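Given below as structure tokens:
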């Protein structure tokens with residue numbers, strides 16, 4: 451077994467999540488004759506820390522309006538996810554785990570509607586699988 | 143509410159006066175405002191004039207101000238806050254996601270007229 | 035004579051001497067009306083004070099008062115669940 455240390459805040463959050476499915480990330484730095492794990496927020500103290510985030514675009518073609526479709530998507534997701542979502546955001550946005558879903562207008566084209574979604578790799582695989590499942594079949 | 147028109151504001155003022163609590167920082171006023179907003183949110187076909195929209199916006203702003211902070215008068234993740242209710246247990250105020258209620262009210266308003282970071 | 039207890043508690047310094055005064059008050063016996071008064075005084079000082087150990091001692095004294103046979107603990111139960119929600 452490899453002995454390493456864990457930041458107290460990360461362990462507290464992990465225990466709180468476990469008490470009341477979610478998996479914990481891991482980020483470690485090789486140290487002098489030892490290894491230590493550190494959270495993403497705490498790792499920024501090493502400064505530099507230039508953060509880069511991917512934001513993939515999901516394109517859909519439908520004549521229905523935005524806000525009502527967003528409400529329908531929220532209802533469908535909260536039904537599928539077995540009520541794992543018990544939080545909301547003020548600007549009509551619903552978030553699951555660590556992925557943000559918000560309504561954004563396109564750049565210049567009025568004839569096409571495009572939204573922006575950002576996620577990490579662990580969230581990227583789940584998001585890709587869920588989008589493929591949605592594209593497989595829906596009451597459309 | 144649609145038939146009454148501008149009478150909703152007068153009814154709310156009369157209810158507040160009857161309650162013997164002029165200040166709207168009480169949790170009861172915020173709960174009543176949220177309940178009034180959900181009724182309008184449920185029916186998206188109820189068009190209202192400019193005065194009604196302005197009154198609704200003012201009521202929503204007052205409710206949000208009350209919910210953000212309340213007076214201390216006495217006589233896997235989630236979001237919530239804390240406050241002191243007027244003569245009742247704090248757990249009695251069963252209100253979930255006031256910001257979502259404001260978002261739904263804005264959505265209903267937009268639906269009537271067909272309408281770095283994330284926001 | 036609840037006034038004597040109230041003024042003695044007020045004159046007592048919050049960090050250290052308050053603990054000793056509360057202990058001394060706890061060891062001596064109490065009466066039903068005296069319990070009914072000192073519980074509200076304890077709750078008010080519990081709201082006022084924010085130290086961990088002092089609040090722990092106030093909770094312990096609340097437990098000791100609750101075990102009193104002759105007392106009618108009804109409103110203090112409500113205040114206890116309220117502070118439980120706030121603790």
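Chains as they are written, first to last, in the entry's author numbering: chain k, 451 to 470, 476 to 502, 505 to 597; chain j, 143 to 217, 233 to 272, 281 to 284; chain d, 35 to 121. Every residue gets a Cβ at the ideal spot worked out from N, C-alpha and C, and that includes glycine.
*Since residue 83 (chain d) and residue 48 (chain d) are thought to touch, with beta carbons under 8 Å apart, how far apart are those beta carbons, to the nearest angstrom?*
Start at 1 with the first residue of the third chain, and residue 83 (chain d) comes out as number 49. Start at 1 with the first residue of the third chain, and residue 48 (chain d) comes out as number 14. Between residue 48 (chain d) and residue 83 (chain d) the Cβ distance is about 6 Å, and since that is below 8 Å, they are a contact.
_Where residue 514 (chain k) sits in the DSSP three-state scheme_ = Translated into positions along the first chain, residue 514 (chain k) becomes position 57. In the structure shown, residue 514 (chain k) sits in a strand (DSSP, three-state: E or B).
*Which one or two residues does DSSP pair with residue 490 (chain k) in a beta bridge?*
By 1-based counting over the first chain, the position of residue 490 (chain k) is 35. Per DSSP, k:454 and k:485.
*asked:* I'd like to know whether the C-beta of residue 84 (chain d) is nearer than 8 Å to at least one C-beta of chain j.
replied: What you label residue 84 (chain d) is simply residue 50 of the third chain in a count that begins at 1. Contact with chain j is absent for residue 84 (chain d), since none of that chain's Cβ atoms lies less than 8 Å from the residue's Cβ.
*Are the Cβ atoms of residue 237 (chain j) and residue 167 (chain j) separated by less than 8 Å?*
Translated into the one-based positions of the second chain, residue 237 (chain j) becomes position 80. Translated into the one-based positions of the second chain, residue 167 (chain j) becomes position 25. The answer is no: Cβ separation not under 8 Å.
*asked:* On the DSSP letters alone, give me the boundaries of the beta strand (DSSP E) that residue 106 (chain d) sits inside.
replied: Against the third chain, residue 106 (chain d) aligns to sequence position 72. No beta strand (DSSP E) contains residue 106 (chain d), which DSSP labels as neither H nor E.
*N- and C-terminal bounds of the alpha helix (DSSP H) containing residue 526 (chain k)*: Locating residue 526 (chain k) in the first chain gives position 69, counting from the first residue. Per DSSP, residue 526 (chain k) belongs to the alpha helix (DSSP H) from 524 to 537.
*Give the straight-line distance between the Cα atoms of residue 494 (chain k) and residue 569 (chain k), rounded to the nearest whole angstrom.*
Taking the first residue of the first chain as 1, we reach residue 494 (chain k) at position 39. Taking the first residue of the first chain as 1, we reach residue 569 (chain k) at position 112. Straight-line Cα distance between these residues: approximately 40 Å.
_Does residue 588 (chain k) come out as helix, strand or coil in the three-state DSSP assignment?_
On the first chain, residue 588 (chain k) is found 131 positions in, with the first residue counted as 1. Of the three classes helix, strand and coil, the one that applies to residue 588 (chain k) here is helix, per DSSP.
*asked:* Distance check for residue 66 (chain d) and residue 89 (chain d), CA to CA, integer angstroms please.
replied: As a position in the third chain, residue 89 (chain d) is number 55, starting the count at 1. As a position in the third chain, residue 66 (chain d) is number 32, starting the count at 1. Whole-angstrom Cα-Cα distance: 23 Å.
*Considering only C-alpha positions, which residue in the set j:239, j:208 and j:244 is nearest to residue 217 (chain j)?*
Position 75 of the second chain, counted from the first residue, corresponds to residue 217 (chain j). Among j:239, j:208 and j:244, the Cα nearest to that of residue 217 (chain j) belongs to j:244.
_Residue environment, residue 91 (chain d), which counts as buried when at least 16 other CB atoms sit within 10 Å_ = One-based indexing of the third chain puts residue 91 (chain d) at position 57. That one is buried.
*Which of helix, strand or coil does DSSP assign to residue 520 (chain k)?*
By 1-based counting over the first chain, the position of residue 520 (chain k) is 63. Correct three-state label for residue 520 (chain k): coil.
*Is any beta-carbon of chain k found at less than 8 Å from that of residue 259 (chain j)?*
Position 102 of the second chain, counted from the first residue, corresponds to residue 259 (chain j). Taking Cβ atoms only, chain k reaches closer than 8 Å to residue 259 (chain j), which makes this a yes.
*Leaving out five residues before and five after residue 563 (chain k) in sequence, what residues of the same chain have Cβ atoms less than 7 Å from its Cβ?*
Locating residue 563 (chain k) in the first chain gives position 106, counting from the first residue. If we look at residue 563 (chain k) and ignore the five residues flanking it on each side, its Cβ neighbours are 569, 570 and 571.
*asked:* Does residue 576 (chain k) pass the burial test, meaning 16 or more other C-beta atoms within 10 Å, or should it be called exposed?
replied: For the purposes of this step, residue 576 (chain k) is taken as the residue at position 119 of the first chain. By the neighbour-count rule (16 or more Cβ atoms within 10 Å), residue 576 (chain k) is buried.
*Name, in chain order, the residues that DSSP records as bridge partners for residue 572 (chain k).*
Position 115 of the first chain, counted from the first residue, corresponds to residue 572 (chain k). DSSP lists k:515 as partners of residue 572 (chain k).
*What residues in its chain sit with their C-beta under 7 Å from that of residue 510 (chain k), if we drop five residues either side in the sequence?*
Taking the first chain and counting its residues from 1, one reaches residue 510 (chain k) at position 53. Cβ within range, chain order: 575.
*Can you name the residues of chain d whose CB is closer than 9 Å to the CB of residue 246 (chain j)?*
Here residue 246 (chain j) is taken as the residue at index 89 of the second chain, counted from 1. What residue 246 (chain j) touches in chain d: 112, 115, 116 and 119.
*What are the partner residues of residue 557 (chain k), as DSSP defines its beta bridges?*
On the first chain, residue 557 (chain k) is found 100 positions in, with the first residue counted as 1. Looking at the DSSP assignment, residue 557 (chain k) forms a beta bridge with k:552 and k:575.
*Given residue 269 (chain j) as reference, the closest of j:174, j:184, j:154 and j:147 once Cα atoms are compared*: Residue 269 (chain j) sits at position 112 when you count from the first residue of the second chain. When only C-alpha atoms are compared, the closest one is j:184.
*Within this structure, are the beta carbons of residue 205 (chain j) and residue 549 (chain k) separated by less than 8 Å?*
Translated into positions along the second chain, residue 205 (chain j) becomes position 63. Translated into positions along the first chain, residue 549 (chain k) becomes position 92. No; because the gap between Cβ atoms is not below 8 Å, this pair is not in contact.
*Using a Cβ cut-off of 8 Å (strictly closer), state whether residue 284 (chain j) contacts chain k.*
The residue given as residue 284 (chain j) occupies position 119 in the second chain. Output row for residue 284 (chain j): interface = yes.
_Cβ-based burial, residue 196 (chain j) [other Cβ within 10 Å; buried from 16]_ = For the purposes of this step, residue 196 (chain j) is taken as residue 54 along the second chain, with counting starting at 1. Label assigned to residue 196 (chain j): exposed.
*First and last residue of the alpha helix (DSSP H) that includes residue 200 (chain j)?*
For the purposes of this step, residue 200 (chain j) is taken as the residue at position 58 of the second chain. It spans 192 to 210 - the alpha helix (DSSP H) in which residue 200 (chain j) sits, taken as one unbroken run.
*Return the first residue and the last residue of the alpha helix (DSSP H) that residue 255 (chain j) is part of.*
Here residue 255 (chain j) refers to the residue found at position 98 when the second chain is read from its first residue. Start and end: 255 to 269.
*Taking only the alpha-carbon atoms, compute the straight-line gap between residue 201 (chain j) and residue 255 (chain j) and give it to the nearest angstrom.*
Translated into the one-based positions of the second chain, residue 201 (chain j) becomes position 59. Translated into the one-based positions of the second chain, residue 255 (chain j) becomes position 98. C-alpha separation (whole angstroms): 13 Å.
*Quick one: residues in its chain with C-beta nearer than 6 Å to the C-beta of residue 70 (chain d), no 5 flanking neighbours on either side, listed in chain order?*
For the purposes of this step, residue 70 (chain d) is taken as residue 36 along the third chain, with counting starting at 1. For residue 70 (chain d), where only same-chain residues beyond five positions count, there are no Cβ hits under 6 Å.
*Beta-carbon gap between residue 278 (chain j) and residue 529 (chain k) smaller than 8 Å*: Residue numbering in chain j breaks between 272 and 281, and residue 278 (chain j) falls inside that break, so it has no position here.
*asked:* Taking the alpha-carbon of residue 179 (chain j) as reference, which of j:263, j:272 and j:284 has the nearest alpha-carbon?
replied: Numbered from its first residue, the second chain carries residue 179 (chain j) at position 37. Answer by Cα proximity: j:263.
*Is residue 512 (chain k) closer than 8 Å to residue 558 (chain k) when the C-beta atoms are compared?*
In the first chain, the residue the question calls residue 558 (chain k) occupies position 101. In the first chain, the residue the question calls residue 512 (chain k) occupies position 55. It is not a contact, given that the beta carbons lie outside the stated cut-off.
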